[PDB]
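Coordinates as given in query15.csv (CSV, C-alpha atoms):
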chain,number,residue,atom,x,y,z
A,1,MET,CA,-2.9,27.9,20.5
A,2,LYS,CA,-5.0,29.6,17.8
A,3,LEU,CA,-5.4,28.2,14.3
A,4,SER,CA,-1.9,27.9,12.7
A,5,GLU,CA,-0.1,26.0,9.9
A,6,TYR,CA,1.6,23.7,12.4
A,7,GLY,CA,-1.8,22.0,12.8
A,8,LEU,CA,-2.5,21.5,9.1
A,9,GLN,CA,0.8,19.5,8.9
A,10,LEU,CA,0.0,17.0,11.7
A,11,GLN,CA,-3.4,16.9,10.0
A,12,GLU,CA,-2.2,15.8,6.5
A,13,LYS,CA,-0.5,13.0,8.5
A,14,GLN,CA,-3.7,11.9,10.2
A,15,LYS,CA,-6.0,11.8,7.1
A,16,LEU,CA,-3.1,10.0,5.3
A,17,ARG,CA,-2.7,7.5,8.1
A,18,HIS,CA,-6.4,6.8,7.8
A,19,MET,CA,-6.1,6.5,4.0
A,20,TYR,CA,-5.0,2.9,3.6
A,21,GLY,CA,-5.0,2.5,7.4
A,22,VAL,CA,-1.3,2.2,8.0
A,23,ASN,CA,-0.6,1.4,11.7
A,24,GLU,CA,1.6,4.0,13.5
A,25,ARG,CA,4.3,1.4,14.0
A,26,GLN,CA,4.2,0.9,10.2
A,27,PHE,CA,3.9,4.7,9.6
A,28,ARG,CA,6.9,5.8,11.7
A,29,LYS,CA,9.0,2.7,11.0
A,30,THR,CA,8.3,2.7,7.2
A,31,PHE,CA,9.4,6.4,7.3
A,32,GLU,CA,12.9,6.0,8.9
A,33,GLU,CA,13.1,2.9,6.7
A,34,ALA,CA,12.5,5.0,3.5
A,35,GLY,CA,15.2,7.5,4.5
A,36,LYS,CA,17.5,5.0,2.8
A,37,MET,CA,16.9,5.9,-0.8
A,38,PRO,CA,18.0,9.5,-1.7
A,39,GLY,CA,14.8,10.0,-3.7
A,40,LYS,CA,13.2,12.6,-1.4
A,41,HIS,CA,12.3,10.8,1.8
A,42,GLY,CA,8.7,12.2,1.4
A,43,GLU,CA,8.2,10.4,-2.0
A,44,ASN,CA,9.9,7.3,-0.6
A,45,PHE,CA,7.3,7.2,2.2
A,46,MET,CA,4.5,7.4,-0.4
A,47,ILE,CA,6.2,4.6,-2.2
A,48,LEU,CA,6.7,2.0,0.6
A,49,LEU,CA,3.0,2.5,1.7
A,50,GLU,CA,1.9,1.3,-1.8
A,51,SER,CA,4.1,-1.8,-1.3
A,52,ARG,CA,1.5,-2.6,1.4
A,53,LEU,CA,0.6,-6.2,0.6
A,54,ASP,CA,-3.1,-5.4,1.1
A,55,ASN,CA,-3.0,-2.3,-1.2
A,56,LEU,CA,-1.5,-4.3,-4.0
A,57,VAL,CA,-4.2,-7.1,-3.6
A,58,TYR,CA,-7.1,-4.5,-3.4
A,59,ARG,CA,-5.5,-2.7,-6.4
A,60,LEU,CA,-5.0,-5.7,-8.8
A,61,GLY,CA,-8.8,-6.2,-8.1
A,62,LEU,CA,-8.4,-9.4,-6.1
A,63,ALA,CA,-10.6,-7.9,-3.3
A,64,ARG,CA,-13.4,-5.3,-3.2
A,65,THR,CA,-12.1,-3.4,-0.3
A,66,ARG,CA,-9.3,-3.4,2.4
A,67,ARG,CA,-11.6,-5.6,4.6
A,68,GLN,CA,-11.4,-8.0,1.7
A,69,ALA,CA,-7.7,-7.6,0.8
A,70,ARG,CA,-6.7,-7.6,4.5
A,71,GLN,CA,-8.4,-11.0,5.3
A,72,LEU,CA,-7.0,-12.5,2.1
A,73,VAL,CA,-3.4,-11.8,3.2
A,74,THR,CA,-3.8,-12.7,6.9
A,75,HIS,CA,-5.7,-15.9,5.9
A,76,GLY,CA,-2.5,-16.8,3.9
A,77,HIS,CA,-3.8,-16.8,0.3
A,78,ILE,CA,-1.3,-14.7,-1.6
A,79,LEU,CA,1.9,-16.2,-3.0
A,80,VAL,CA,4.6,-13.5,-3.4
A,81,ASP,CA,7.2,-14.5,-5.9
A,82,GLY,CA,5.7,-18.0,-5.2
A,83,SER,CA,5.8,-17.7,-1.4
A,84,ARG,CA,2.8,-17.4,1.0
A,85,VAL,CA,2.9,-14.0,2.8
A,86,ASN,CA,0.2,-13.8,5.5
A,87,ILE,CA,2.1,-10.7,6.6
A,88,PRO,CA,0.3,-7.4,5.8
A,89,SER,CA,3.2,-5.1,7.0
A,90,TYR,CA,5.8,-6.9,4.8
A,91,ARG,CA,6.7,-5.1,1.5
A,92,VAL,CA,7.2,-6.2,-2.1
A,93,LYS,CA,9.7,-4.7,-4.6
A,94,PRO,CA,10.3,-5.0,-8.5
A,95,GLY,CA,11.6,-8.5,-9.5
A,96,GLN,CA,8.7,-10.3,-7.7
A,97,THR,CA,4.9,-10.8,-8.3
A,98,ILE,CA,1.7,-11.4,-6.2
A,99,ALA,CA,0.0,-14.8,-7.0
A,100,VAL,CA,-3.2,-15.8,-5.3
A,101,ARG,CA,-3.0,-19.2,-3.5
A,102,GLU,CA,-4.5,-22.2,-5.4
A,103,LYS,CA,-6.9,-23.4,-2.6
A,104,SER,CA,-7.7,-19.6,-2.5
A,105,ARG,CA,-8.7,-18.9,-6.1
A,106,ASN,CA,-12.4,-19.9,-6.3
A,107,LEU,CA,-13.0,-17.5,-3.5
A,108,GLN,CA,-16.2,-15.5,-4.3
A,109,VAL,CA,-14.7,-12.4,-2.6
A,110,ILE,CA,-11.9,-12.7,-5.3
A,111,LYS,CA,-13.9,-14.1,-8.3
A,112,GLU,CA,-16.1,-11.2,-7.3
A,113,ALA,CA,-13.4,-8.5,-7.2
A,114,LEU,CA,-11.9,-9.7,-10.5
A,115,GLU,CA,-14.9,-8.0,-12.2
A,116,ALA,CA,-14.5,-4.9,-10.0
A,117,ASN,CA,-11.4,-4.2,-12.1
A,118,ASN,CA,-11.1,-0.4,-11.2
A,119,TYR,CA,-8.3,0.1,-13.8
A,120,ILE,CA,-4.9,-1.5,-12.9
A,121,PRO,CA,-1.9,0.9,-12.5
A,122,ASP,CA,0.8,0.9,-15.3
A,123,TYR,CA,3.6,-0.5,-13.2
A,124,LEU,CA,1.4,-3.4,-12.1
A,125,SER,CA,0.9,-6.2,-14.7
A,126,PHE,CA,-2.1,-8.5,-13.8
A,127,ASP,CA,-2.7,-11.9,-15.5
A,128,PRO,CA,-6.2,-13.1,-14.5
A,129,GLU,CA,-5.5,-16.5,-16.0
A,130,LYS,CA,-2.9,-17.2,-13.3
A,131,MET,CA,-4.1,-14.4,-11.0
A,132,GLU,CA,-0.5,-13.1,-10.9
A,133,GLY,CA,0.1,-9.4,-10.1
A,134,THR,CA,3.7,-8.7,-11.3
A,135,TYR,CA,5.4,-5.6,-9.9
A,136,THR,CA,7.1,-4.8,-13.2
A,137,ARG,CA,8.0,-1.2,-12.2
A,138,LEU,CA,7.9,1.3,-9.3
A,139,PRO,CA,4.8,3.5,-8.5
A,140,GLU,CA,5.1,7.2,-9.4
A,141,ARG,CA,3.2,10.0,-7.6
A,142,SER,CA,1.1,10.8,-10.7
A,143,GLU,CA,-1.0,7.8,-9.6
A,144,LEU,CA,-0.7,7.8,-5.8
A,145,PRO,CA,-3.2,10.1,-4.1
A,146,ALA,CA,-2.6,13.7,-5.3
A,147,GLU,CA,-4.7,15.4,-2.6
A,148,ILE,CA,-2.0,14.1,-0.2
A,149,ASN,CA,1.3,15.7,0.7
A,150,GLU,CA,4.4,14.7,2.8
A,151,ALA,CA,6.7,17.7,3.4
A,152,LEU,CA,4.6,19.1,6.3
A,153,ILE,CA,5.2,15.5,7.6
A,154,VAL,CA,8.9,15.6,6.8
A,155,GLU,CA,9.8,18.5,9.2
A,156,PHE,CA,7.3,17.0,11.7
A,157,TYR,CA,10.1,14.7,12.8
A,158,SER,CA,12.5,17.6,13.0
A,159,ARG,CA,10.3,18.8,15.9
Once you've parsed the file, please lay out its structure as structure tokens.
Amino acid sequence: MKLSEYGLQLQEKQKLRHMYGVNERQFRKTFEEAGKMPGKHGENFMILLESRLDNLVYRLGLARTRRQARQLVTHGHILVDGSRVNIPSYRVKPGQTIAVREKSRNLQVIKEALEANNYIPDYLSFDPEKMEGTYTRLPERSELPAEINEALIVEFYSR
């Protein structure tokens, strides 16, 4: 009942869930769905989250914030590998790219986020000319939030 480490664990899970705003259904599911690769389930969880269609959009600088990258997806405006994906929970993987939709290119919210280029990761190749964000490699932890953890969340399911 008094302060204890058991709480700090479920805590790291909350703040993280509020980080990119991953719904619980996406948080728990994405987890058991990451237990597939033998690369430490923890890391795998921090990897799938990045695949978040919205994150990628807000990362390549196609939107100023999640409220901008979220509406862009749902409003069907991103062509993954050349395919519209109005699904925010879907997930992308190397061998495909994110390409804004033609009728959705002069969007001020985008033409406005292109300038807000807050540095683009090294595994993401962005071509402003065609507005194509290619996933050329997987994301490492060196870039993903460092003030975040996942072990305390690993055993959480063991409870």
Cut-off 10 Å: closest region 92-133 of chain A/region 66-88 of chain A atom pairs per residue, using all atoms listed in the file, as CSV:
residue,atom,partner,partner_atom,distance
A:92,CA,A:80,CA,7.9
A:95,CA,A:81,CA,8.3
A:96,CA,A:81,CA,4.8
A:97,CA,A:81,CA,5.0
A:98,CA,A:80,CA,4.5
A:99,CA,A:79,CA,4.6
A:100,CA,A:78,CA,4.3
A:101,CA,A:77,CA,4.6
A:102,CA,A:77,CA,7.9
A:103,CA,A:77,CA,7.8
A:104,CA,A:77,CA,5.6
A:105,CA,A:77,CA,8.3
A:107,CA,A:72,CA,9.6
A:109,CA,A:68,CA,7.0
A:110,CA,A:68,CA,8.4
A:113,CA,A:68,CA,9.1
A:131,CA,A:78,CA,9.8
A:132,CA,A:79,CA,8.8
A:133,CA,A:80,CA,9.1
What's the separation between CA of residue 138 (chain A) and CA of residue 53 (chain A), in Å to one decimal place?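 Calculated distance between CA of residue 138 (chain A) and CA of residue 53 (chain A) is 14.4 Å.
From CA of residue 159 (chain A) back to CA of residue 9 (chain A), the distance works out to 11.8 Å.
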With all atoms listed in the file as the atoms that count, which of A:158, A:106, A:125, A:51 lies nearest to residue 144 (chain A)? A:51
Coordinates-based distance that separates CA of residue 37 (chain A) from CA of residue 150 (chain A) (Å, one decimal):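 CA of residue 37 (chain A) lies at a distance of 15.7 Å from CA of residue 150 (chain A).
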Pick from A:156, A:93, A:61, A:140 nearest to residue 126 (chain A), counting all atoms listed in the file: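 Checking each candidate against residue 126 (chain A), we get A:61 as the closest.
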Which residues are close to residue 21 (chain A), i.e. within 12 Å by only C-alpha atoms, leaving aside same-chain residues fewer than 2 positions away? Reply as a ChimeraX atom specification. /A:13-19,23-27,49-50,52,54-55,66-67,70,88-89
Best match for closeness to residue 91 (chain A) among A:10, A:63, A:34, A:1, counting only C-alpha atoms: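 Closest residue, counting only C-alpha atoms: A:34.
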Which residues, written as a ChimeraX atom specification, have at least one atom at most 9 Å from residue 94 (chain A), with only C-alpha atoms counted and residues fewer than 5 positions away on the same chain left out? /A:134-138
Nearest residue to residue 5 (chain A) from the set A:152, A:31, A:145, A:57 (distances using all atoms listed in the file): A:152
